[PDB]
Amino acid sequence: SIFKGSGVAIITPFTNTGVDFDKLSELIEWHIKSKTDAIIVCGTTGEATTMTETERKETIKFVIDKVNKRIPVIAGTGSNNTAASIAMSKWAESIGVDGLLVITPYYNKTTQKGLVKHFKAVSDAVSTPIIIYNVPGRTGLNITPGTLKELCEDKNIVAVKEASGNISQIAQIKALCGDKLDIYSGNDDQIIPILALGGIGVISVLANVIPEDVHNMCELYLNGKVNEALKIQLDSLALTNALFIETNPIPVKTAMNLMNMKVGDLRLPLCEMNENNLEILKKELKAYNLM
């Protein structure tokens, strides 16, 4: 597998004119010290959408180079344009990424037949492991377990980041694909049930603020200490849910700033939280002893 445990979907800290590389370096070092198992750079939580192609490439390369092989680095390389996804994926491979996080098409969408073609086209272009990212609440498109079954024997297609929230579906993926498709939770409030179904970790928002707890939750469960893992899930659940009270990464970035991490502002169309939601987030941060 690319990694097991907690993979942080790291934020991209911005200055008001670009990427705050000094801050990103600090976060990298902190994650390594905090037992984060992998870094996913330029995922959704990283605001790739609102970065230029040059910012994306510089940020991905920065993370790769700073991590310096200490943990795996996975880059978000997919888009809703297949040619573009191929080119970005080739690029990331060429500069030493350990894995590619490749979203389904979104907005334009496609059929299940088209999903097979899309993923096969990206895979055929590379020799690096691919994590399919299924997030229908954002993309409008659900890749089915049957379609995943058609893709999981592909040499490079090793895993899925399953953010559907549909636990039935995740059971079906495991039943059909087995070890041919590792499952990462794509929802922090669903780590335990997904690990219970044979998942191997999480690609996490929550790990941006409590990386060691997320790592520990996974490690405990995977080591059979299931009750101890569950306690972390439940004790962190209200905070976790507060991190989705508005579109991620609005809350997590807000939270990190509340925690004195100085990670800068969001890029439009993302923006500051409303008053009520900010107060819920503060409450849960305080209750978890984070501020």
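Heads up: residue numbers just count along the shown sequence, starting at 1.
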Which is higher in the entry, the mean Cα B factor of 146-154 or that of 213-221?
146-154
Per the PDB record, is the mean Cα temperature factor higher over 90-98 or over 130-138?
90-98
Highest CA B factor of 201, 186, 193, 178, as deposited, is found at 178
Per the coordinate record, which of the options 254, 233, 45, 260 holds the highest CA temperature factor?
260
Going by what the PDB entry lists, where does residue 32 fall on CA B-factor within its chain: lowest, middle or highest third?
highest
Thinking about Cα B factors across the chain, which third does residue 287 belong to?
highest
Give the position of residue 108 by CA B-factor within its chain, expressed as the lowest, middle or highest third.
lowest
Is the Cα B-factor recorded for residue 170 in the lowest, middle or highest third of its chain?
middle
Lowest, middle or highest third: which one holds residue 80 when the chain's residues are ordered by CA B-factor from the entry?
lowest
